[PDB]
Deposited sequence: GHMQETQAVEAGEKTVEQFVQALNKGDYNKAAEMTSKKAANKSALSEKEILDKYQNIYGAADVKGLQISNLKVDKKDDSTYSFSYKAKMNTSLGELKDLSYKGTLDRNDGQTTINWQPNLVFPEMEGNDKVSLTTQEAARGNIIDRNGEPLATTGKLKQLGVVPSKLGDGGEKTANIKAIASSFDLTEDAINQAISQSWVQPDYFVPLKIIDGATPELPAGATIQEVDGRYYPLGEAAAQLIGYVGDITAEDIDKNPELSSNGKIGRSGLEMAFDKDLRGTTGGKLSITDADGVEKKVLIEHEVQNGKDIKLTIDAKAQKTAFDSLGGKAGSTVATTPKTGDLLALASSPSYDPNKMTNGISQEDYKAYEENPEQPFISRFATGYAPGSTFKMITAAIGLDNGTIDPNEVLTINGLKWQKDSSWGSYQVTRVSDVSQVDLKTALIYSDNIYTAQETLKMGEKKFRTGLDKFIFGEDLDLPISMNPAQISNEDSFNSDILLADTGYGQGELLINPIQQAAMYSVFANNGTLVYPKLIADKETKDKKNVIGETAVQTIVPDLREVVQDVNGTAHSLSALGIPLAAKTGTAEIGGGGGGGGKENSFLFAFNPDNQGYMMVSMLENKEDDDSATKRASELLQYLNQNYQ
């Protein structure tokens, strides 16, 4: 019995070394090479495990139901069930039998080929055949392709069919002038270390018609991942990259020949899109005749993913940002369908996944506007659009009278002298300011005074009814929106600034569209949704129907009134309720904002923004095109 326990220890240390990929330490625990002991020596065991387990990408060896007894004086029989993960799936229910050995004062394992796999004997071999799974597509709400695998015209040059000297450079000048390429890059590709005189050295991919081919140029059709909208959805969709040996170590069920998602939805939906590798893991005769099959199943291609994104709206929302820093979110506010999640500036996902130069990748990573950032998922201070939330809270708790008219003189104000020199500032000097006037001219002092009158406790009671701190059920990495840094402002100055959306507030464009959906659902909050088939989740009684019926008419005037901050949108001639905003970010860096939706049918809602805006630039100047599209197609 005392020796049976030391034997149970060696069986667990043997399977642990196998589980850790240390096939050598497990080899040093076997017996000496003999007839009834170990069939092979140490270096031969290390190679047989490294060859076989390495070929099948065996990982995560775990055992259960250990039964260790005693046969005679020095040999202890031991058995157990075991399971492991391979590149073809999970090998479960493995009956491992064997004998131990307890000569001297320690216990070794009488190694046998049946310890690699159960039914192995002698010089049996292991075979593995695999068939790659085609990656599934990503499609918009109407079936248009967003991420697909298809045929690509790959332009490349062969050094021999190019020339000997003078004619070689003339063809390089022709290929660099016929496909919009660099003359220093064609000679930099044909002079790498892997190049041979007769090798097809690839260059770029022609995304259109193929011009005349100079001497040395040739087109080889190959299959790869393609993104139709390209950079217009690069942050959302993402890109796939070549699977490395480290990926296979983490998840053996990947296809080391295939691609893996590196960012965006391509990474978030990698398991659903990549499918399952098919094939057969068999044991063969000493000559190669198939003996016993361990795993086998057909290749199952990846499943498609249908998004709520509108492909035509996604391209228009992105193009309207003119390559400047910003982002736009468009929703159907009654259901939450995310029609567009544009972010600018962007990167080329096709060039990123079809072979990207090391120089271009550095430009993408050092660009100060940071193209890789998903700005629709980045938290910002909302600015003056947040006055709709503050006003609705004051209407709900009976602090705001819509017809009550505050008297504000000048462009600066402070509660009392204890504020030192900080003063709430407004842009328009209007003496008589009610709720309708304050929303039209975007008056901070009205918002600040009415926030302080309301107080912090009544303010947060209305704020807590929203989604501050919640994690949205979305396949997008994102931090939850926050009211402030702590659970209490502990400052009337910070309380006032939060009133008009310039405190420690952090709300990303997607969360803003979720919070502002109350004005399209009679005060019900409708959570945003990215997968088309998913159910519509809502949140009743966030603000009162009284406040919605009061603010939305005023938001119509933010567009229609001659002095409204969004009056340029009245040129569209469409029903619009909107609210602009310009957030100060502490030189003076400003973020332009625009909220807008159709108050007649609630068919669409839009939240656009510019980050670190240039002068006389705004989200309002760029919304005319996207608003015209959403008005015609989403009613």
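Residues of the deposited sequence lacking C-alpha coordinates, numbered from 1, fall in the stretches 1-5, 592-596.
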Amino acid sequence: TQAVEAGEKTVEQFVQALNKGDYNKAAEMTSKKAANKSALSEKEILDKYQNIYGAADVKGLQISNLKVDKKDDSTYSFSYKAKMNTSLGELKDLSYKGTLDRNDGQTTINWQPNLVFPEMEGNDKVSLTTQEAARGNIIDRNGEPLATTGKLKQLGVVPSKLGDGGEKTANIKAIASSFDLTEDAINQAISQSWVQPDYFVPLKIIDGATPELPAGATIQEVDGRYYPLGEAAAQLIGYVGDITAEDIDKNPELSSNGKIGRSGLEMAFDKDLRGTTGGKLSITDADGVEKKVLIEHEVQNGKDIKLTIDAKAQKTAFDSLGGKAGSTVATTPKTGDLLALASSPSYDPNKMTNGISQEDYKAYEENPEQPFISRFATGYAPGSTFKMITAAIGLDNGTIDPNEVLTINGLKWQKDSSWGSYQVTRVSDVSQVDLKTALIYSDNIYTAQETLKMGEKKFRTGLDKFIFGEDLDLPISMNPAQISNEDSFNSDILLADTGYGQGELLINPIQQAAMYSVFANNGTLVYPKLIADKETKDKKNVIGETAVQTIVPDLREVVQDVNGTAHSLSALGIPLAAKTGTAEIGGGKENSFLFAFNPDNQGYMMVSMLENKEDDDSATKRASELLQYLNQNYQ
From here on, numbers count along this sequence of modelled residues.
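Of the two stretches examined, 8-16 and 619-627, the record assigns the greater average C-alpha temperature factor to 8-16. Mean CA temperature factor is higher for 68-76 when stretches 68-76 and 457-465 are set side by side in the entry. Comparing C-alpha B-factors across 501, 105, 238, 528 in the deposited entry, the largest value falls on 105. Taking only the listed residues 408, 190, 435, 139, the entry reports the highest CA temperature factor at 190. Residue-level temperature factors show residue 226 in the lowest third of its chain, judged at the C-alpha atom. Ranked by Cα temperature factor within the chain, residue 211 sits in the highest third according to the deposited record. The entry lists a Cα temperature factor for residue 148 that places it in the middle third of the chain's modelled residues.
When the modelled residues of the chain are ordered by C-alpha B-factor, residue 421 sits in the middle third.
In the deposited entry, the Cα temperature factor of residue 31 places it in the highest third of its chain's modelled residues.
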